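Reading through the structure tokens given below for one structure.
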Amino acid sequence: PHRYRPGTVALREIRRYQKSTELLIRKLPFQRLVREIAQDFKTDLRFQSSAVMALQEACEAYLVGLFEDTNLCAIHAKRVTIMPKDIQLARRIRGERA
Amino acid sequence: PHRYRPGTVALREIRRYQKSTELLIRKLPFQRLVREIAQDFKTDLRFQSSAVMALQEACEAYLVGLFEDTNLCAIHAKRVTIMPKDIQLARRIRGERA
Amino acid sequence: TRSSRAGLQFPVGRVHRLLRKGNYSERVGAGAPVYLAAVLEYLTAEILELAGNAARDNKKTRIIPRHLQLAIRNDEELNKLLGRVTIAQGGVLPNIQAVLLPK
Amino acid sequence: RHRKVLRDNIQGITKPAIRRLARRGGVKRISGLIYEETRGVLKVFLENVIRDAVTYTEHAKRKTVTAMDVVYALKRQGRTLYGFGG
Amino acid sequence: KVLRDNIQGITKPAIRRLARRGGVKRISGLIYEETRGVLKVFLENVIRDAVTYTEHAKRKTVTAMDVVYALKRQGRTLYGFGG
DNA sequence: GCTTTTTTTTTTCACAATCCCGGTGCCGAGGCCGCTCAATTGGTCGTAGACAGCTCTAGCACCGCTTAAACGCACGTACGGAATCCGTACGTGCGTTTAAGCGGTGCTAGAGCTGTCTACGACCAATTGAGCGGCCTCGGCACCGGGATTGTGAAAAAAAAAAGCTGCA
DNA sequence: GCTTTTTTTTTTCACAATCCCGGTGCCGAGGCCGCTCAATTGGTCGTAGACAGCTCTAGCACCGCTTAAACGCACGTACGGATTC
Ligand SMILES: [Ca+2]
Ligand SMILES: [Ca+2]
Ligand SMILES: [Ca+2]
Ligand SMILES: [Ca+2]
Ligand SMILES: [Ca+2]
Ligand SMILES: [Ca+2]
Ligand SMILES: [Ca+2]
Ligand SMILES: [Cl-]
Ligand SMILES: [K+]
């Protein structure tokens with residue numbers, strides 16, 4: 001029974017997704033999450049579909065790029081597994097977070 | 001023969017400078033740098049005194065701030081000593097250099 | 001006077017002129033510079049009230065850049081408003097990373 | 001008005017999808033503790049971006065958030081976005 | 001020696017003092033040059049803009065405003081010189 | 001300097017994954033059309049700013065003292081990081097469950113457009129005190145020394161907790 | 001049990017730094033002076049935008065089948081991290 005070495009598929013995924021541009025979050029789950037959060041601020045709101053798409057474009061990009069910063073932060077501490085503290089440093093140096 | 005252990009004056013010096021507000025770079029050398037660098041964009045430039053001090057508040061401010069972020073990276077790599085690769089990472093993450 | 005009408009020290013007149021002139025819009029409502037004076041006045045007062053405390057807490061009668069820096073950096077909300085601002089002669093908040101302290 | 005109150009949709013942002021985003025960011029190995037932490041971050045992004053869009057809406061008196069509402073809001077957060085007007 | 005590389009006028013002692021005020025304890029030797037590099041890029045960027053202001057205003061004297069306006073553009077807003 | 005294994009390297013096939021083509025089909029890039037409203041023409045009038053001339057501000061050069069800071073060198077402690085070692089958190093793959101997505105269907109809130117009318121804000125001329133710069137004063141605050149007090153640590157001394165050896169039962 | 005080492009802990013002494021006394025003198029905050037222009041005013045005019053009414057876009061709900069993806073568990077390797085030096 002054939003079995004790929006841990007990392008060899010992660011590395012493939014890494015190349016698969018860098019080559020592409022389609023959105024990586026499931027479009028309805030995300031849409032439900034937009035609407036849920038928006039209630040906090042105002043009820044019985046409609047969203048243009050383009051406004052929701054504009055939000056999932058702006059989100060995915062923000063995280064995808066935070067994950068870059070975060071990966072350097074893992075590697076800086078001679079690791080390969082990104083950990084919570086990695087994100088938190090990335091965000092503290094970005095100044096998103098006290 | 002009284003001898004304080006490594007790092008024990010450091011801490012005094014930290015406490016000391018964090019309590020104070022006074023420029024830490026010598027004012028004349030700084031100024032001689034500001035004219036050296038100004039030449040490369042225009043010759044026979046004169047400066048208001050306060051223009052140089054506006055430049056020097058701004059510089060130290062940046063440097064101090066960068067050192068905080070540098071320290072944080074160095075501590076993130078389970079280290080106590082800041083090194084260039086700390087500065088360079090904190091600048092990579094600030095979006096200052098690619 | 002207008003500032004007197006609005007309950008304000010800040011000059012509702014002066015503010016109104018800076019808006020027409022200052023390339024913000026073609027026309028300026030009669031409310032805007034009243035409101036705008038009030039908000040500038042509010043924020044001004046919160047910093048001074050906080051920095052005037054920092055002076056007295058250092059037995060000093062005159063407020064200095066350090067007192068403002070301390071007022072401002074210790075107030076979660078004022079810090080965020082002035083997060084990308086540098087206060088000349090403010091200095092920085094005493095703070096030493098824990099893993100550096102002895103033992 | 002014909003049923004609209006919302007559930008708990010943050011778990012909709014599945015571990016598969018967070019893993020795919022990390023992949024696009026060139027991340028090879030991911031700790032257990034990332035996925036929940038990521039949702040916190042994502043939530044705080046969205047909360048901030050929608051608050052501001054929702055403001056721009058409430059000002060123009062609309063009950064419909066436009067793409068421009070979201071665009072104007074994103075430029076405000078220093079996250080300028082290209083290809084939905086403006 | 002002692003000749004016309006004014007950047008070196010930025011002494012180790014002064015670089016040490018900054019990183020102190022920035023809560024730094026133990027400082028690698030390589031850092032005082034890295035710092036020197038970084039400081040220059042900082043000034044280059046700010047001063048280029050400040051003098052770009054100067055040349056536009058048709059003057060030979062760099063004002064404190066010119067710097068203030070430059071520092072705003074670089075996102076390093078400075079209070080207490082004419083803001 | 002060996003003899004005996006582990007460590008690292010090599011070569012040989014099996015297998016999955018990705019790559020590249022032509023074929024096929026759908027739809028949106030591209031473009032033509034006809035009508036609109038915004039860019040252009042040609043005119044007028046008023047003032048923003050270019051310009052010359054003069055004022056005096058503050059930037060520069062220089063010099064000669066007095067330190068405080070930079071400097072260079074001796075010395076060693078605490079640090080960075082290399083090397084080892086061990087437990088399991090993570091990746092890979094499977095069978096099972098879920099609901100996203102798809103395309104369609106039916107309803108209407110509300111986005112967005114129109115026309116109407118007036119409340120309000122820009123424009124003006126006349127007046128005038130609020131706030132400007134200039135200048136004088138007087139006490140806050142930097143800096144002084146003496147000595148007590150309290151953090152802040154380093155060394156040296158005591159205690160305890162491991163390291164190695166035992167002397168019977 | 002004992003003795004014998006490392007390690008850990010406690011105790012004692014040295015030294016900066018703070019705060020309390022005593023002081024002095026400089027320099028700029030503060031506030032008054034005397035002039036000036038920018039804020040105020042009531043008048044006149046034009047149109048911005050409130051409003052109300054009308055159109056019809058597009059946003060929201062609902063369904064049922066298909067199958068791609070998420071899900072959760074078994075399995076073991078290479079990673080993270082502790083320790084040593
Ligand atoms: Ca075509
Ligand atoms: Ca199962
Ligand atoms: Ca209209
Ligand atoms: Ca009206
Ligand atoms: Ca005055
Ligand atoms: Ca006084
Ligand atoms: Ca006294
Ligand atoms: Cl108004
Ligand atoms: K503008």
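In the structure tokens, chains take letters A, B, ... by order of appearance, with residues numbered from 1 within each chain and ligands from 1 in the order shown.
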Contacts of ligand 2, 6 Å or closer, only C-alpha atoms (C1' of nucleotides) and all ligand atoms, given as number ranges by chain: F: 95-96; G: 72
Give the strand (DSSP E or B) residues of chain A, as assigned by DSSP on the backbone, as a list in words.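 Matching residues for strand (DSSP E or B) in chain A are residues 46, 47, 81 and 82 of chain A.
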How many Å separate atom CA of residue 47 of chain E from atom CA of residue 56 of chain B?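 Interatomic distance, atom CA of residue 47 of chain E to atom CA of residue 56 of chain B: 11.5 Å.
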All Cα atoms, paired in order, least squares: that's the fit I need for chain A onto chain B, output as a PDB file with C-alpha atoms, in the first residue's frame.
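Full text of out-v7.pdb as output:
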```
ATOM      1  CA  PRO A   1      36.889  44.326  43.728  1.00  0.00           C
ATOM      2  CA  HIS A   2      33.052  44.687  43.216  1.00  0.00           C
ATOM      3  CA  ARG A   3      31.663  43.683  39.769  1.00  0.00           C
ATOM      4  CA  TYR A   4      28.014  43.709  38.573  1.00  0.00           C
ATOM      5  CA  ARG A   5      26.610  40.560  36.885  1.00  0.00           C
ATOM      6  CA  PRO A   6      26.213  40.748  33.087  1.00  0.00           C
ATOM      7  CA  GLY A   7      22.690  42.206  32.453  1.00  0.00           C
ATOM      8  CA  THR A   8      22.306  44.021  35.802  1.00  0.00           C
ATOM      9  CA  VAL A   9      23.628  47.310  34.280  1.00  0.00           C
ATOM     10  CA  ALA A  10      21.846  46.841  30.897  1.00  0.00           C
ATOM     11  CA  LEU A  11      18.617  46.506  33.037  1.00  0.00           C
ATOM     12  CA  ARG A  12      19.530  49.779  34.904  1.00  0.00           C
ATOM     13  CA  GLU A  13      20.233  51.604  31.553  1.00  0.00           C
ATOM     14  CA  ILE A  14      16.844  50.179  30.354  1.00  0.00           C
ATOM     15  CA  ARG A  15      15.093  51.819  33.378  1.00  0.00           C
ATOM     16  CA  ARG A  16      17.278  54.966  33.164  1.00  0.00           C
ATOM     17  CA  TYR A  17      16.264  55.744  29.546  1.00  0.00           C
ATOM     18  CA  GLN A  18      12.617  54.596  29.662  1.00  0.00           C
ATOM     19  CA  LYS A  19      12.041  57.124  32.528  1.00  0.00           C
ATOM     20  CA  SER A  20      13.605  59.933  30.397  1.00  0.00           C
ATOM     21  CA  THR A  21      12.810  61.682  27.074  1.00  0.00           C
ATOM     22  CA  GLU A  22      15.981  63.658  26.129  1.00  0.00           C
ATOM     23  CA  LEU A  23      17.424  62.736  22.705  1.00  0.00           C
ATOM     24  CA  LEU A  24      19.986  59.876  22.733  1.00  0.00           C
ATOM     25  CA  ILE A  25      21.992  60.765  19.550  1.00  0.00           C
ATOM     26  CA  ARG A  26      24.750  63.431  19.816  1.00  0.00           C
ATOM     27  CA  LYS A  27      23.079  66.492  18.243  1.00  0.00           C
ATOM     28  CA  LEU A  28      25.935  67.682  15.900  1.00  0.00           C
ATOM     29  CA  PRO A  29      26.965  64.261  14.504  1.00  0.00           C
ATOM     30  CA  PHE A  30      23.238  63.834  13.619  1.00  0.00           C
ATOM     31  CA  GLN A  31      23.053  67.338  12.132  1.00  0.00           C
ATOM     32  CA  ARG A  32      26.125  66.664   9.970  1.00  0.00           C
ATOM     33  CA  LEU A  33      24.454  63.419   8.826  1.00  0.00           C
ATOM     34  CA  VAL A  34      21.179  65.279   7.908  1.00  0.00           C
ATOM     35  CA  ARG A  35      23.194  67.743   5.781  1.00  0.00           C
ATOM     36  CA  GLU A  36      25.398  65.075   4.136  1.00  0.00           C
ATOM     37  CA  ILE A  37      22.333  63.046   2.991  1.00  0.00           C
ATOM     38  CA  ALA A  38      20.423  66.151   1.803  1.00  0.00           C
ATOM     39  CA  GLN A  39      23.278  67.079  -0.665  1.00  0.00           C
ATOM     40  CA  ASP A  40      22.301  63.913  -2.673  1.00  0.00           C
ATOM     41  CA  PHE A  41      18.925  65.627  -3.409  1.00  0.00           C
ATOM     42  CA  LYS A  42      19.896  69.374  -3.507  1.00  0.00           C
ATOM     43  CA  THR A  43      23.086  71.423  -2.872  1.00  0.00           C
ATOM     44  CA  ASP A  44      23.619  74.635  -0.821  1.00  0.00           C
ATOM     45  CA  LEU A  45      20.439  74.022   1.262  1.00  0.00           C
ATOM     46  CA  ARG A  46      19.852  75.711   4.616  1.00  0.00           C
ATOM     47  CA  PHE A  47      17.861  73.889   7.356  1.00  0.00           C
ATOM     48  CA  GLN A  48      15.838  75.672  10.046  1.00  0.00           C
ATOM     49  CA  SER A  49      17.175  74.361  13.420  1.00  0.00           C
ATOM     50  CA  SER A  50      13.586  73.268  14.293  1.00  0.00           C
ATOM     51  CA  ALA A  51      13.528  71.227  11.007  1.00  0.00           C
ATOM     52  CA  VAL A  52      16.736  69.412  12.138  1.00  0.00           C
ATOM     53  CA  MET A  53      15.342  68.867  15.682  1.00  0.00           C
ATOM     54  CA  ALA A  54      11.994  67.627  14.129  1.00  0.00           C
ATOM     55  CA  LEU A  55      14.132  65.119  12.110  1.00  0.00           C
ATOM     56  CA  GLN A  56      16.084  63.814  15.196  1.00  0.00           C
ATOM     57  CA  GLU A  57      12.783  63.520  17.154  1.00  0.00           C
ATOM     58  CA  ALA A  58      11.218  61.552  14.231  1.00  0.00           C
ATOM     59  CA  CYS A  59      14.357  59.351  13.809  1.00  0.00           C
ATOM     60  CA  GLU A  60      15.019  58.417  17.414  1.00  0.00           C
ATOM     61  CA  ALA A  61      11.308  57.489  17.807  1.00  0.00           C
ATOM     62  CA  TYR A  62      11.286  55.335  14.625  1.00  0.00           C
ATOM     63  CA  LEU A  63      14.389  53.314  15.791  1.00  0.00           C
ATOM     64  CA  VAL A  64      13.391  53.168  19.551  1.00  0.00           C
ATOM     65  CA  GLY A  65      10.103  51.555  18.428  1.00  0.00           C
ATOM     66  CA  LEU A  66      11.758  49.286  15.820  1.00  0.00           C
ATOM     67  CA  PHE A  67      13.991  48.077  18.687  1.00  0.00           C
ATOM     68  CA  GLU A  68      10.804  47.109  20.621  1.00  0.00           C
ATOM     69  CA  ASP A  69       9.470  45.068  17.615  1.00  0.00           C
ATOM     70  CA  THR A  70      13.053  43.684  17.226  1.00  0.00           C
ATOM     71  CA  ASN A  71      13.299  42.594  20.933  1.00  0.00           C
ATOM     72  CA  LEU A  72       9.981  40.639  20.672  1.00  0.00           C
ATOM     73  CA  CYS A  73      11.468  39.037  17.573  1.00  0.00           C
ATOM     74  CA  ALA A  74      14.564  37.939  19.538  1.00  0.00           C
ATOM     75  CA  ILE A  75      12.406  36.601  22.419  1.00  0.00           C
ATOM     76  CA  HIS A  76      10.003  34.862  19.908  1.00  0.00           C
ATOM     77  CA  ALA A  77      12.979  32.657  18.879  1.00  0.00           C
ATOM     78  CA  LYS A  78      13.813  32.003  22.589  1.00  0.00           C
ATOM     79  CA  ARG A  79      16.801  34.425  22.565  1.00  0.00           C
ATOM     80  CA  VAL A  80      17.705  37.590  24.532  1.00  0.00           C
ATOM     81  CA  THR A  81      20.272  39.052  22.089  1.00  0.00           C
ATOM     82  CA  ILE A  82      18.609  40.984  19.254  1.00  0.00           C
ATOM     83  CA  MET A  83      20.322  40.013  15.963  1.00  0.00           C
ATOM     84  CA  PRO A  84      20.275  41.455  12.417  1.00  0.00           C
ATOM     85  CA  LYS A  85      17.692  38.843  11.293  1.00  0.00           C
ATOM     86  CA  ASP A  86      15.406  40.131  14.144  1.00  0.00           C
ATOM     87  CA  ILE A  87      15.298  43.729  12.773  1.00  0.00           C
ATOM     88  CA  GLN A  88      14.847  42.267   9.235  1.00  0.00           C
ATOM     89  CA  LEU A  89      11.788  40.196  10.271  1.00  0.00           C
ATOM     90  CA  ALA A  90      10.346  43.216  12.180  1.00  0.00           C
ATOM     91  CA  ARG A  91      10.799  45.322   9.004  1.00  0.00           C
ATOM     92  CA  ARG A  92       9.523  42.571   6.595  1.00  0.00           C
ATOM     93  CA  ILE A  93       6.308  42.119   8.709  1.00  0.00           C
ATOM     94  CA  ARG A  94       5.954  45.931   9.025  1.00  0.00           C
ATOM     95  CA  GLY A  95       6.330  46.003   5.222  1.00  0.00           C
ATOM     96  CA  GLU A  96       9.162  48.558   5.197  1.00  0.00           C
ATOM     97  CA  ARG A  97      11.183  46.058   3.185  1.00  0.00           C
ATOM     98  CA  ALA A  98      10.475  43.379   0.519  1.00  0.00           C
TER      99      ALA A  98
END
```
Residues of chain E within 10 Å of chain F, counting only C-alpha atoms (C1' of nucleotides), as a list in words: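 Contact residues on the first chain: residues 11, 12, 13, 14, 26 and 61 of chain E.
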What residues in chain E lie within 6 Å of chain B, counting only C-alpha atoms, written as a ChimeraX atom specification? /E:6-7,9,14,18-28,31,60-64
Selected residues written out, N, CA, C and O atoms, as a PDB file, in the first residue's frame:
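As written to disk, again.pdb reads:
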```pdb
ATOM      1  N   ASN E   6      29.524  60.616   7.655  1.00  0.00           N
ATOM      2  CA  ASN E   6      28.863  61.202   8.847  1.00  0.00           C
ATOM      3  C   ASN E   6      27.941  60.192   9.527  1.00  0.00           C
ATOM      4  O   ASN E   6      27.659  60.385  10.750  1.00  0.00           O
ATOM      5  N   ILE E   7      27.469  59.194   8.770  1.00  0.00           N
ATOM      6  CA  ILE E   7      26.663  58.064   9.319  1.00  0.00           C
ATOM      7  C   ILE E   7      27.411  57.443  10.499  1.00  0.00           C
ATOM      8  O   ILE E   7      26.729  57.133  11.486  1.00  0.00           O
ATOM      9  N   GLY E   9      29.222  58.835  12.627  1.00  0.00           N
ATOM     10  CA  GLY E   9      29.046  59.776  13.752  1.00  0.00           C
ATOM     11  C   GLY E   9      27.997  59.284  14.722  1.00  0.00           C
ATOM     12  O   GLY E   9      28.002  59.741  15.886  1.00  0.00           O
ATOM     13  N   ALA E  14      25.339  55.652  21.439  1.00  0.00           N
ATOM     14  CA  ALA E  14      24.023  56.239  21.083  1.00  0.00           C
ATOM     15  C   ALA E  14      23.073  55.157  20.555  1.00  0.00           C
ATOM     16  O   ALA E  14      21.903  55.163  20.954  1.00  0.00           O
ATOM     17  N   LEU E  18      19.435  53.987  22.367  1.00  0.00           N
ATOM     18  CA  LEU E  18      18.102  53.841  21.742  1.00  0.00           C
ATOM     19  C   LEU E  18      17.553  52.497  22.208  1.00  0.00           C
ATOM     20  O   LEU E  18      16.596  52.483  23.027  1.00  0.00           O
ATOM     21  N   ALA E  19      18.207  51.414  21.797  1.00  0.00           N
ATOM     22  CA  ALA E  19      17.672  50.060  22.014  1.00  0.00           C
ATOM     23  C   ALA E  19      17.388  49.872  23.508  1.00  0.00           C
ATOM     24  O   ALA E  19      16.413  49.163  23.816  1.00  0.00           O
ATOM     25  N   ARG E  20      18.124  50.530  24.413  1.00  0.00           N
ATOM     26  CA  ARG E  20      17.738  50.519  25.860  1.00  0.00           C
ATOM     27  C   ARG E  20      16.298  51.028  25.957  1.00  0.00           C
ATOM     28  O   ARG E  20      15.407  50.200  26.228  1.00  0.00           O
ATOM     29  N   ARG E  21      16.087  52.319  25.657  1.00  0.00           N
ATOM     30  CA  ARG E  21      14.773  53.006  25.737  1.00  0.00           C
ATOM     31  C   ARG E  21      13.728  52.105  25.077  1.00  0.00           C
ATOM     32  O   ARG E  21      12.568  52.151  25.488  1.00  0.00           O
ATOM     33  N   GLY E  22      14.165  51.269  24.130  1.00  0.00           N
ATOM     34  CA  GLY E  22      13.352  50.194  23.527  1.00  0.00           C
ATOM     35  C   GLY E  22      13.471  48.850  24.224  1.00  0.00           C
ATOM     36  O   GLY E  22      13.247  47.853  23.533  1.00  0.00           O
ATOM     37  N   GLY E  23      13.781  48.808  25.523  1.00  0.00           N
ATOM     38  CA  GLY E  23      13.694  47.592  26.363  1.00  0.00           C
ATOM     39  C   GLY E  23      14.626  46.456  25.945  1.00  0.00           C
ATOM     40  O   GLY E  23      14.384  45.304  26.374  1.00  0.00           O
ATOM     41  N   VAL E  24      15.666  46.747  25.162  1.00  0.00           N
ATOM     42  CA  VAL E  24      16.647  45.731  24.685  1.00  0.00           C
ATOM     43  C   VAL E  24      17.687  45.545  25.795  1.00  0.00           C
ATOM     44  O   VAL E  24      18.058  46.558  26.435  1.00  0.00           O
ATOM     45  N   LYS E  25      18.131  44.298  26.005  1.00  0.00           N
ATOM     46  CA  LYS E  25      19.079  43.935  27.092  1.00  0.00           C
ATOM     47  C   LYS E  25      20.475  43.666  26.515  1.00  0.00           C
ATOM     48  O   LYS E  25      21.424  44.412  26.856  1.00  0.00           O
ATOM     49  N   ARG E  26      20.592  42.612  25.701  1.00  0.00           N
ATOM     50  CA  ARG E  26      21.879  42.078  25.167  1.00  0.00           C
ATOM     51  C   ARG E  26      21.898  42.322  23.652  1.00  0.00           C
ATOM     52  O   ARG E  26      20.936  41.887  22.965  1.00  0.00           O
ATOM     53  N   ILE E  27      22.919  43.029  23.158  1.00  0.00           N
ATOM     54  CA  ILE E  27      22.953  43.576  21.770  1.00  0.00           C
ATOM     55  C   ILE E  27      24.101  42.918  21.014  1.00  0.00           C
ATOM     56  O   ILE E  27      25.285  43.320  21.284  1.00  0.00           O
ATOM     57  N   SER E  28      23.772  42.058  20.046  1.00  0.00           N
ATOM     58  CA  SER E  28      24.750  41.540  19.057  1.00  0.00           C
ATOM     59  C   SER E  28      25.638  42.669  18.517  1.00  0.00           C
ATOM     60  O   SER E  28      25.145  43.812  18.342  1.00  0.00           O
ATOM     61  N   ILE E  31      24.812  44.471  14.993  1.00  0.00           N
ATOM     62  CA  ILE E  31      23.565  45.290  14.975  1.00  0.00           C
ATOM     63  C   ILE E  31      23.854  46.766  14.734  1.00  0.00           C
ATOM     64  O   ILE E  31      22.987  47.404  14.157  1.00  0.00           O
ATOM     65  N   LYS E  60      15.513  77.861  -0.449  1.00  0.00           N
ATOM     66  CA  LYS E  60      16.806  77.158  -0.257  1.00  0.00           C
ATOM     67  C   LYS E  60      16.906  76.668   1.192  1.00  0.00           C
ATOM     68  O   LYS E  60      17.824  75.867   1.498  1.00  0.00           O
ATOM     69  N   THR E  61      15.981  77.121   2.040  1.00  0.00           N
ATOM     70  CA  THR E  61      15.937  76.802   3.482  1.00  0.00           C
ATOM     71  C   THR E  61      14.857  75.762   3.730  1.00  0.00           C
ATOM     72  O   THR E  61      13.671  76.110   3.593  1.00  0.00           O
ATOM     73  N   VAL E  62      15.274  74.557   4.108  1.00  0.00           N
ATOM     74  CA  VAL E  62      14.376  73.454   4.545  1.00  0.00           C
ATOM     75  C   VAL E  62      13.687  73.897   5.840  1.00  0.00           C
ATOM     76  O   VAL E  62      14.387  74.114   6.843  1.00  0.00           O
ATOM     77  N   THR E  63      12.367  74.049   5.831  1.00  0.00           N
ATOM     78  CA  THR E  63      11.587  74.414   7.038  1.00  0.00           C
ATOM     79  C   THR E  63      11.281  73.157   7.850  1.00  0.00           C
ATOM     80  O   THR E  63      11.304  72.053   7.281  1.00  0.00           O
ATOM     81  N   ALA E  64      10.980  73.335   9.135  1.00  0.00           N
ATOM     82  CA  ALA E  64      10.423  72.284  10.011  1.00  0.00           C
ATOM     83  C   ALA E  64       9.059  71.814   9.471  1.00  0.00           C
ATOM     84  O   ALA E  64       8.774  70.604   9.596  1.00  0.00           O
TER      85      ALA E  64
END
```
All residues having an atom within 7 Å of ligand 4 (only C-alpha atoms (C1' of nucleotides) and all ligand atoms) as an mmCIF file with N, CA and C atoms (P, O5', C5', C4', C3', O3' and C1' of nucleotides), in the first residue's frame:
```cif
data_model
loop_
_atom_site.group_PDB
_atom_site.id
_atom_site.type_symbol
_atom_site.label_atom_id
_atom_site.label_comp_id
_atom_site.auth_asym_id
_atom_site.auth_seq_id
_atom_site.Cartn_x
_atom_site.Cartn_y
_atom_site.Cartn_z
ATOM 1 P P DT F 118 -43.326 76.599 -1.322
ATOM 2 O "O5'" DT F 118 -42.150 76.781 -0.261
ATOM 3 C "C5'" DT F 118 -41.840 75.771 0.726
ATOM 4 C "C4'" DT F 118 -40.413 75.944 1.195
ATOM 5 C "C3'" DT F 118 -40.058 77.371 1.628
ATOM 6 O "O3'" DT F 118 -39.223 77.358 2.783
ATOM 7 C "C1'" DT F 118 -38.549 76.666 0.012
ATOM 8 P P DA F 119 -39.887 77.272 4.224
ATOM 9 O "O5'" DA F 119 -38.759 76.586 5.116
ATOM 10 C "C5'" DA F 119 -38.313 75.235 4.885
ATOM 11 C "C4'" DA F 119 -36.803 75.171 4.940
ATOM 12 C "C3'" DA F 119 -36.144 76.040 6.019
ATOM 13 O "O3'" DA F 119 -35.114 75.277 6.671
ATOM 14 C "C1'" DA F 119 -35.392 76.729 3.871
ATOM 15 P P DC F 120 -33.940 75.978 7.508
ATOM 16 O "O5'" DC F 120 -32.818 76.220 6.412
ATOM 17 C "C5'" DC F 120 -32.251 75.115 5.703
ATOM 18 C "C4'" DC F 120 -31.010 75.581 4.983
ATOM 19 C "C3'" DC F 120 -30.057 76.423 5.830
ATOM 20 O "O3'" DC F 120 -28.713 76.278 5.365
ATOM 21 C "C1'" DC F 120 -30.761 77.698 4.039
ATOM 22 P P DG G 49 -27.112 69.187 -0.828
ATOM 23 O "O5'" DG G 49 -28.653 68.978 -0.536
ATOM 24 C "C5'" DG G 49 -29.229 69.503 0.656
ATOM 25 C "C4'" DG G 49 -30.654 69.023 0.746
ATOM 26 C "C3'" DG G 49 -30.784 67.505 0.701
ATOM 27 O "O3'" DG G 49 -31.936 67.196 1.450
ATOM 28 C "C1'" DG G 49 -32.010 68.406 -1.026
ATOM 29 P P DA G 50 -31.876 66.059 2.484
ATOM 30 O "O5'" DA G 50 -33.212 66.285 3.323
ATOM 31 C "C5'" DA G 50 -33.656 67.610 3.701
ATOM 32 C "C4'" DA G 50 -35.164 67.701 3.644
ATOM 33 C "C3'" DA G 50 -35.900 66.389 3.935
ATOM 34 O "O3'" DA G 50 -37.062 66.582 4.749
ATOM 35 C "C1'" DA G 50 -36.371 67.108 1.703
#
```
Would you mind listing the residues within 12 Å of ligand 1, counting only C-alpha atoms (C1' of nucleotides) and all ligand atoms, as a ChimeraX atom specification? /F:27-31
Export C-alpha atoms (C1' of nucleotides) of the chosen residues as a compact mmCIF listing (two decimals), in the first residue's frame?
```txt
# COMPACT_ATOMS: atom_id res chain seq x y z
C1' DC F 27 -21.38 32.93 -23.16
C1' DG F 28 -19.37 37.43 -22.64
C1' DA F 29 -15.81 40.27 -25.20
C1' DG F 30 -16.24 43.09 -28.67
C1' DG F 31 -18.56 46.16 -31.46
```
As a list in words, please: the residues near residue 86 of chain C (cut-off 9 Å, only C-alpha atoms (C1' of nucleotides), same-chain neighbours under 3 positions excluded).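 After dropping sequence-adjacent residues, the list is residues 57, 58 and 61 of chain B; 82, 83 and 90 of chain C; 76, 77, 78 and 79 of chain E.
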Which residues in segment 17-86 of chain D does DSSP call helix (DSSP H, G or I)? List them as a PyMOL selection string. chain D and resi 17-24+34-59+67-76
Within 9 Å of ligand 9, counting only C-alpha atoms (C1' of nucleotides) and all ligand atoms, residues as a short mmCIF file (atom, residue, chain, number, x, y, z; two decimals) with N, CA, C and O atoms, in the first residue's frame:
```
data_model
loop_
_atom_site.label_atom_id
_atom_site.label_comp_id
_atom_site.auth_asym_id
_atom_site.auth_seq_id
_atom_site.Cartn_x
_atom_site.Cartn_y
_atom_site.Cartn_z
N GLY C 22 -11.19 75.29 3.40
CA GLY C 22 -10.28 74.12 3.43
C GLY C 22 -10.65 72.99 2.48
O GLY C 22 -10.30 71.85 2.80
N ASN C 23 -11.32 73.27 1.35
CA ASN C 23 -11.52 72.32 0.23
C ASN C 23 -12.11 71.02 0.75
O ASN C 23 -11.51 69.94 0.51
N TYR C 24 -13.23 71.11 1.46
CA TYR C 24 -13.91 69.92 2.01
C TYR C 24 -15.23 69.74 1.27
O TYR C 24 -15.58 68.61 0.89
N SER C 25 -15.96 70.83 1.09
CA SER C 25 -17.23 70.80 0.32
C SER C 25 -17.55 72.20 -0.19
O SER C 25 -16.88 73.17 0.25
#
```
All residues 12 Å or closer to residue 137 of chain F, only C-alpha atoms (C1' of nucleotides), same chain fewer than 4 positions away omitted, as a list in words: residues 27, 28, 29, 30, 31 and 32 of chain G
Quick one: pull the distance between atom CA of residue 38 of chain D and atom CA of residue 18 of chain D, Å, one decimal.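 Interatomic distance, atom CA of residue 38 of chain D to atom CA of residue 18 of chain D: 7.5 Å.
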